[PDB]
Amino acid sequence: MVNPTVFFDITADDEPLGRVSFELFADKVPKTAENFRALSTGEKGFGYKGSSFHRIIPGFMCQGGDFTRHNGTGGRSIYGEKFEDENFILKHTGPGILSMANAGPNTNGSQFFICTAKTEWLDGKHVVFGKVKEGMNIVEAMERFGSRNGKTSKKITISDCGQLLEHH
């Protein structure tokens, strides 16, 4: 199967920045890809729509996915519990990598980050499961609203999200 594609429409203080899309590596990490895909469509009645990037570190990453507590303490998977690290096949090779945030081994929920640089020191600690396809310049624009402690100077929000059913 061709890997699935998700999109996020991003706003900064409610003004549209545009659309970011991701390839999800379901051919390598199917359980991790499916959790992020389902949270992006809203088909379970909860998920990423309306949530924000609560920690943005210029030069390194944009972290989001905490749709329950909005601060790095919340979020939940589609599996009813935190789930295992599926594998570490893929590495943090450069800008655009999409990887799971976690609280240590086998604690995946819904939080994730988008790298804005190669972050090889995260290899083997976070499951890499996708990569930006379109919209890397929007992630670079997002990164500019961050700060050394991750606090954002504008609210960076997933105003809409879903799956792209065709890939062209």
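In this text, residue numbers run from 1 along the sequence as written.
On average the C-alpha atoms of 139 to 147 have higher B-factors than those of the other stretch, with 108 to 116 and 139 to 147 being the two compared. Per-stretch averaging of Cα B factors for 88 to 96 and 68 to 76 places 68 to 76 on top. Placement of the Cα temperature factor of residue 2 within the chain: highest third of the modelled residues, per the deposited record. Looking at the C-alpha B-factors along this chain, the one for residue 13 belongs to the highest third. Among all modelled residues in its chain, residue 28 ranks in the middle third by Cα B-factor.
The PDB entry assigns residue 159 a C-alpha temperature factor belonging to the middle third of its chain's modelled residues. Split the chain's modelled residues into thirds by C-alpha temperature factor. Residue 126 is in the lowest one.
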